[PDB]
Amino acid sequence: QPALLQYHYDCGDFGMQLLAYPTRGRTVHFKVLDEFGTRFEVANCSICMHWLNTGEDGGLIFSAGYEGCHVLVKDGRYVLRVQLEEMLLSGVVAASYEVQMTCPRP
Amino acid sequence: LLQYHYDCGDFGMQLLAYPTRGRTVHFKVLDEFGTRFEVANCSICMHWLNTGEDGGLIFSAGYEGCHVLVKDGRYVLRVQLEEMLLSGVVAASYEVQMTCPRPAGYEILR
Ligand SMILES: *[C@@H]1O[C@H](CO)[C@@H](O)[C@H](O)[C@H]1NC(C)=O
Ligand SMILES: *[C@@H]1O[C@H](CO)[C@@H](O)[C@H](O)[C@H]1NC(C)=O
């Protein structure tokens, strides 16, 4: 059960984007993690500065404004901890990945 | 007889409640005037509601969110828990004052 999902994040001017490229028709659901281990489903919420998009290349994009919900300022940097759930169209999680997005890098 | 407790974290706080068979809990944020504010995830107020893997209910609040007050050098957020039956009736009502430490700036070393 190899966990081979390709993903990365890019730091922008007003927010950051997490891009994942699932294969074989799979999809990816994003969950924000807080300091207590609680998992927050990501849904379009403009006042939170959270948006979900699918790129023209088939990649799935979670965009978060630096001043959006659960983005913290730590050591003069915006930090958001996110769980990526690689999923079959049946809804089962095949693999789960955790990434700490820190912007600006490093 | 509702079991609940809260935790003070570094950036926010969480209130955990464990209602019994078939009951649920509704959360409302209280201000100094007694207004009861419904909690919604999609909100500028930096507060959220989730259901744990054990069926427990979790209220999360950032320290800089709506109606969090500074009192005696500490963050204070008052929340009402309404224990509710499947009929929609309120079985019990509890009020909790979540008090969490706040840092005194460098001025303390005047
Ligand atoms: C908030 O999101 C959680 C999932 O992360 C969901 O279980 C809960 O019902 C939501 N509460 C709302 C929308 O008030
Ligand atoms: C969410 O918002 C984006 C940006 O406006 C939009 O492209 C998308 O269709 C919306 N709905 C989703 C992701 O379900």
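Chain identifiers are assigned alphabetically (A, B, ...) following the order of the sequence lines, protein sequences preceding nucleic acid strands; residue numbering begins at 1 within each chain. Heavy-atom basis, side chains included; hydrogens, waters and symmetry copies ignored.
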With a 4.5 angstrom heavy-atom cut-off, is it the side chain or the backbone of B:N41 that approaches chain A, or both, or neither? backbone
Ignoring hydrogens and geometry, is there a side-chain-to-backbone donor-acceptor pair from B:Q14 to A:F36 under 3.5 Å? no
Quick one: what part of B:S60 sits under 4.5 Å from any heavy atom of chain A, side chain, backbone, both or neither? side chain
Distance-only, no hydrogens or angles: does the B:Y4 side chain make a donor-acceptor pair with backbone N or O of B:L16 under 3.5 Å? no
Do side-chain atoms of B:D54 reach the backbone of B:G56 as a donor and acceptor pair under 3.5 angstrom? yes
Residue B:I44 versus chain A: region with a heavy atom under 4.5 Å: both
Chain A contact via B:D7 - which portion, at a heavy-atom distance below 4.5 Å: both
Max heavy-atom pairs within cutoff under 4.5 Å with chain B, candidates A:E41, A:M49, A:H70, A:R39, goes to A:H70
Transitive ILVMFWY side-chain link A:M16 to A:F62, under 4.5 Å: yes
For chain B, which residues of residues 85-101 of chain A have at least one non-hydrogen atom nearer than 4.5 Å to it? none
So do A:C48 and B:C42 have their SG atoms closer than 2.5 Å? no
Check whether any side-chain N or O of B:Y63 sits under 3.5 Å from a backbone N or O of B:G9 as a donor-acceptor pair, and report yes or no. yes
Count the heavy atoms of every other residue, nucleotide or ligand shown that sit under 6.0 Å from CD of B:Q3, and state whether that count exceeds 12. no
